[PDB]
Number of protein chains: 2
Amino acid sequence: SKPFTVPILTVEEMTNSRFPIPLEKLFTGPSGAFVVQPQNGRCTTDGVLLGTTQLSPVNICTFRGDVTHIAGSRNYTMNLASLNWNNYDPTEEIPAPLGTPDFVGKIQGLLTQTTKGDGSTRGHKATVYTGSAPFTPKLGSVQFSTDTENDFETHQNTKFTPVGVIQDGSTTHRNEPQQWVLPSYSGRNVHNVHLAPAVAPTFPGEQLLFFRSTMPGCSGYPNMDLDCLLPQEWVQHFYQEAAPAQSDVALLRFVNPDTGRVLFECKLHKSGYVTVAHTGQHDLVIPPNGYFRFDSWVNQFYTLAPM
Amino acid sequence: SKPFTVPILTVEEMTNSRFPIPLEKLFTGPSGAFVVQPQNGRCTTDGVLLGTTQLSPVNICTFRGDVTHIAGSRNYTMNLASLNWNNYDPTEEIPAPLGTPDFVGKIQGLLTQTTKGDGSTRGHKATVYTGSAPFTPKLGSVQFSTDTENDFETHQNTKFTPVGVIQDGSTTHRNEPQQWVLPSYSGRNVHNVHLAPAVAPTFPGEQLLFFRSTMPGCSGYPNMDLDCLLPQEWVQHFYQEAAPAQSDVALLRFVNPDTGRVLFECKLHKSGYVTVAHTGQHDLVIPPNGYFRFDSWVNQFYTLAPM
Ligand SMILES: CC(=O)N[C@H]1[C@@H](O[C@H]2[C@@H](O)[C@@H](CO)O[C@H](O)[C@@H]2O[C@@H]2O[C@@H](C)[C@@H](O)[C@@H](O)[C@@H]2O)O[C@H](CO)[C@H](O)[C@@H]1O
Ligand SMILES: CC(=O)N[C@H]1[C@@H](O[C@H]2[C@@H](O)[C@@H](CO)O[C@H](O)[C@@H]2O[C@@H]2O[C@@H](C)[C@@H](O)[C@@H](O)[C@@H]2O)O[C@H](CO)[C@H](O)[C@@H]1O
């Protein structure tokens with residue numbers, strides 16, 4: 001079998017696979033109070049994309065299409081198009097368009113538009129509430145709240161570029177976004193389909209290891225923590241390499257090339273997530289040049305040295 | 001020598017190295033009316049980053065620091081920090097902080113901020129004019145025009161996330177941005193330093209081959225074309241692989257795995273740019289699964305089959 005590898009990029013050189021921001025740190029914690037089932041940043045070690053995962057680090061939480069104004073408001077409905085501006089196909093066997101947000105929250109950014117005829121352009125602050133009834137990306141429609149009642153034109157290509165998240169400051173602080181709560185991609189009382197599975201540690205004394213970023217906050221008191229299971233660069237790497245998994249777990253060592261010593265070891269499960277031997281919440285302290293290295297194929301219940 | 005390779009990702013699976021948006025197409029044209037000296041997306045084939053190039057696809061045209069309000073306006077001065085929020089060091093031998101915009105234009109996005117004490121947040125539309133006298137990123141300072149006169153706090157971490165570009169619609173359409181005009185990183189009448197060199201075809205009948213995207217337009221009639229010399233994924237790949245160049249030019253073939261036939265060939269110069277045998281402006285038509293493949297090391301003046 002073709003030898004398996006992970007990139008040698010450091011954590012801070014890599015990108016969150018769930019929102020277009022750099023990775024900041026590694027974090028581990030118990031995950032019993034939630035279901036860890038993100039749909040972006042999902043890929044097997046042999047390169048099979050899962051859920052709503054696609055390859056672009058900058059086509060995550062974006063939308064494209066044309067918009068229609070909702071009378072008596074600053075709200076616009078976007079009829080979704082594909083990345084190359086073609087009609088959206090709701091019958092593809094995916095949960096929602098690839099790159100669709102995979103958490104319930106209020107994502108703020110800019111809605112921009114070009115008029116084809118003369119190249120005139122416009123841009124307005126906009127928010128999408130992924131927990132709202134009109135959030136139906138699998139059906140081909142989402143709604144944005146904006147700062148205009150009349151500037152956007154119909155039947156002109158329109159893009160949403162995400163920036164960060166908001167919260168209602170008159171309610172309990174940090175109560176949203178909820179990063180581990182999937183939206184209902186087809187709206188209220190319709191089940192999600194074609195999902196990447198939930199993940200959890202399976203061996204005693206282990207926890208998931210998360211690749212963590214802090215989303216920009218744009219209003220209120222949001223929970224800005226965002227954990228992904230794989231860096232976007234790992235998704236791109238496995239997709240290209242397509243090296244076969246020789247067991248259920250790739251043992252990785254995290255090495256400091258400065259001192260030449262292994263800092264810790266972890267399990268990269270072939271379905272695309274990482275666990276470590278630790279109990280409790282912990283922000284890992286790592287050197288800037290630290291990187292992960294594949295060392296060997298082991299079994300699911302291999303006993304790791306404590307992190 | 002370690003074998004040289006380029007990624008097998010397709011054009012549409014890759015990212016512009018000069019602005020955080022996907023690649024759309026390949027473009028070639030004559031470049032005599034301009035100096036092609038971009039500072040982002042610059043890397044040798046053996047993995048040496050040049051100019052202001054860094055590794056993150058989502059740390060391009062971003063800024064971070066703290067802000068001070070300019071009385072009697074909606075303008076804020078940002079005192080720049082590093083990616084990990086440390087003091088900026090102007091003595092590093094680079095043209096400007098890595099990821100600094102490398103063109104003269106008006107870049108619009110959102111300026112966001114978190115108050116450390118309570119986690120309160122705020123976000124406002126903001127524009128940076130990279131041709132303006134206060135655009136002095138190499139000195140550690142840039143100015144933003146915003147939509148607020150009082151909401152941003154002092155001595156709190158503040159981020160700018162870029163979205164697109166604007167133009168003054170009362171002046172000649174598409175006269176800005178000017179993608180091939182470098183800002184003056186230390187301001188008026190101070191020479192830029194430590195630049196990646198300008199590039200140009202050197203063999204008769206050749207033109208640069210550009211990796212092209214369309215920036216979102218946020219107001220007016222901007223020129224939204226943006227050409228990079230290398231995809232960001234190629235920068236990341238060469239940085240990791242560090243395969244030695246065995247001649248001045250890596251001959252690449254662009255292959256359609258569908259039909260099994262080579263579509264065209266091109267030269268990847270070891271200093272990190274591509275040329276093709278063509279005269280005239282041309283949007284290349286390529287199949288979605290088309291990709292580049294390294295075939296052999298050749299000399300600078302190797303004669304390519306016409307594109
Ligand atoms: C759209 C607008 O006019 N924004 C103002 C407004 O912003 C408020 C407002 O949107 C309320 C709505 O419930 O939500 C927040 O209170 C928001 O303020 C934002 O969040 C608070 C916690 C602070 O961090 C604040 O600085 C931030 O802007 O009023 C505020 C001033 O209170 C600003 O004037 C916005 O521009
Ligand atoms: C900030 C604001 O109030 N924006 C309005 C305004 O926007 C104008 C204005 O900013 C002028 C300043 O010289 O620049 C443009 O004209 C801009 O309009 C934008 O560009 C034109 C070419 C159109 O594409 C327009 O749709 C776009 O918004 O007025 C416009 C209406 O003319 C909107 O009301 C903005 O919200």
Side-chain angles (χ1 to χ4, degrees), chain A residues 7-10 12-16 19-24 54-60 62 83-84 108-110 112-114 118-125 147 159 161-167 169 173-174 214-224 232-233 236-237 239-241 288, chain B residues 7-10 12-16 19-24 54-60 62 83-84 108-110 112-114 118-125 147 159 161-167 169 173-174 214-224 232-233 236-237 239-241 288:
Chain A
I8 62 172
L9 299 174
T10 69
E12 297 180 0
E13 290 170 348
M14 292 191 287
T15 308
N16 202 295
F19 201 82
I21 55 183
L23 293 182
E24 294 159 23
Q54 50 75 64
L55 290 160
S56 173
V58 296
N59 203 33
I60 300 165
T62 57
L83 172 60
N84 58 11
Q108 186 160 104
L110 285 190
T112 60
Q113 183 181 83
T114 299
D118 63 359
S120 60
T121 67
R122 54 208 63 90
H124 294 273
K125 200 166 72 181
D147 66 7
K159 186 189 174 198
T161 300
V163 173
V165 294
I166 68 172
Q167 179 262 5
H173 294 181
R174 290 164 281 283
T214 309
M215 296 177 287
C218 305
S219 189
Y221 304 81
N223 186 347
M224 289 169 282
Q232 186 63 21
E233 287 79 4
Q236 291 183 330
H237 187 77
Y239 174 80
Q240 294 179 82
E241 289 290 305
Chain B
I8 62 172
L9 299 174
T10 68
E12 297 180 0
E13 290 170 348
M14 293 191 287
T15 308
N16 201 295
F19 202 83
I21 54 182
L23 293 182
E24 294 159 23
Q54 50 75 64
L55 291 159
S56 173
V58 302
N59 201 34
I60 301 166
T62 56
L83 172 61
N84 58 9
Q108 185 160 103
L110 286 191
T112 60
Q113 183 181 83
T114 299
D118 63 359
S120 60
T121 67
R122 54 208 63 90
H124 295 272
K125 201 166 71 181
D147 66 5
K159 186 190 174 198
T161 300
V163 173
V165 295
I166 67 172
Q167 179 262 7
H173 294 181
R174 291 164 280 283
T214 309
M215 296 177 287
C218 304
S219 191
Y221 303 81
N223 186 347
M224 290 169 281
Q232 186 64 21
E233 286 79 4
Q236 290 183 332
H237 186 77
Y239 174 80
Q240 293 179 82
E241 289 290 304

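Chain A is the first sequence line, chain B the second, and so forth, proteins listed ahead of strands; every chain is numbered from 1. Worth knowing before you read on, the calculation uses all heavy atoms, side chains too, and leaves out hydrogens, waters and symmetry mates.
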Peer 1: Just to verify, what does A:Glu24 make a side-chain contact (heavy atoms from CB on, under 4.5 Å) with, not counting sequence neighbours?
Peer 2: A:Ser213, A:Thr214
Peer 1: Between A:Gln167 (side chain only) and A:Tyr221 (backbone N and O only), is there a donor and an acceptor less than 3.5 Å apart?
Peer 2: yes
Peer 1: Can you say whether A:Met14 sits under 4.5 Å from chain B via the side chain, the backbone, both, or neither, judging by heavy atoms?
Peer 2: neither
Peer 1: Measure B:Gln232 against the heavy atoms of chain A and call it side chain, backbone, both or neither at under 4.5 Å.
Peer 2: neither
Peer 1: Please look at B:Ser120 and chain A and tell me whether the side chain, the backbone, both or neither of the residue comes under 4.5 angstrom of a heavy atom of that chain.
Peer 2: both
Peer 1: Measuring only between side-chain heavy atoms, which start at C-beta, is B:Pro7 closer than 4.5 Å to A:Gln236?
Peer 2: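 In short, these two side chains do not touch, never coming nearer than 4.5 Å.
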Peer 1: Between B:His237, B:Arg174, B:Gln113, B:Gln54, which shows the greatest number of heavy-atom pairs under 4.5 Å with chain A?
Peer 2: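 So the answer, after comparing B:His237, B:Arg174, B:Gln113, B:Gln54, is B:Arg174.
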Peer 1: Check whether any side-chain N or O of A:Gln108 sits under 3.5 Å from a backbone N or O of A:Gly164 as a donor-acceptor pair, and report yes or no.
Peer 2: no
Peer 1: If you count heavy-atom pairs under 4.5 Å with chain B, which of A:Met224, A:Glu13, A:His124, A:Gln240 comes out on top?
Peer 2: A:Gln240
Peer 1: Report which part of B:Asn16 has an atom under 4.5 Å of a heavy atom belonging to chain A: side chain, backbone, both, or neither.
Peer 2: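 The answer is neither part of B:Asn16.
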Peer 1: Counting heavy-atom pairs closer than 4.5 Å to chain B, which one of A:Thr161, A:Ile8, A:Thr62 comes out on top?
Peer 2: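 Answer, by heavy-atom pair count under 4.5 Å with chain B: A:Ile8.
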Peer 1: Name the option with the most non-hydrogen atom pairs under 4.5 Å to chain B; the candidates are A:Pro222, A:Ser56, A:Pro162, A:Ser219.
Peer 2: A:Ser219
Peer 1: Partners of B:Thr112 by side-chain contact (heavy atoms from CB on, under 4.5 Å), sequence neighbours excluded?
Peer 2: A:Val163, A:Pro216, A:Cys218, B:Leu110, B:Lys159
Peer 1: Out of A:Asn84, A:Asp118, A:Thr114, A:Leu23, which one racks up the most heavy-atom pairs below 4.5 Å with chain B?
Peer 2: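 Result: the option with the highest number of such pairs is A:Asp118.
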Peer 1: Test your reading of the model: is there a side-chain donor-acceptor pair from A:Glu233 to the backbone of A:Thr15, 3.5 Å cut-off?
Peer 2: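 Present.
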Peer 1: If we ignore hydrogens and angles and just use 3.5 Å, is the side chain of B:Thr121 paired with the main-chain N or O of A:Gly220 as donor and acceptor?
Peer 2: yes
